[PDB]
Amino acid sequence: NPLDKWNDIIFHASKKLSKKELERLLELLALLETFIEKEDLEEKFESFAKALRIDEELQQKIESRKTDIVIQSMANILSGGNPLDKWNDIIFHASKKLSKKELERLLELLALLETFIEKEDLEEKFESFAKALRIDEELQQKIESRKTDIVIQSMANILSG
């Protein structure tokens, strides 16, 4: 139901509002993933993410963070380049079953990354990473590059379906 309602709100809001919201979530994903690499936690995140297949305590903690993300997302819509433009075209014109599975996949990953950060107590380190982000044009290019990578994977998953 929470994910079902988020999908309804995403596909029924004005094209402008849903594009800004999906782009916000993508940037957050690119930011979190880059932080994991900059902090060299790639393998430690994978051994954390793998446990979701066989842990009851984790499954509930993720299902709960996904509902919170969905609530923030829905709240944002009510409040008012080429790779990202193409990804938006694809997401909105794809088989509605394929775009829903894909958007849910990105939501799960986001819920996983944020839960990992907190468990690992990297909340402050992550803030102080986004605090030195503005003055870092190099790191800004790294994020833009990771977003295009996320977009390619995303387009590949829809095509794979």
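Residue indices: 1-based, along the sequence shown.
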In terms of residues present in the deposited sequence but not modelled, what lies between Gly80 and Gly81: none, 1 to 3, 4 to 9, or 10 or more?
4 to 9
Which of 18-26 and 139-147 has higher mean CA B factor, as the PDB entry lists it
139-147
Assert higher mean C-alpha B factor (101-109 or 37-45, deposited values) equals 37-45
Whose CA atom has the top B-factor in the entry, of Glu63, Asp121, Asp68, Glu114?
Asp121
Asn1: which third of its chain by C-alpha temperature factor?
highest
Taking only the Cα B-factors deposited for this chain, tell me whether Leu32 sits in the lowest, middle or highest third.
lowest
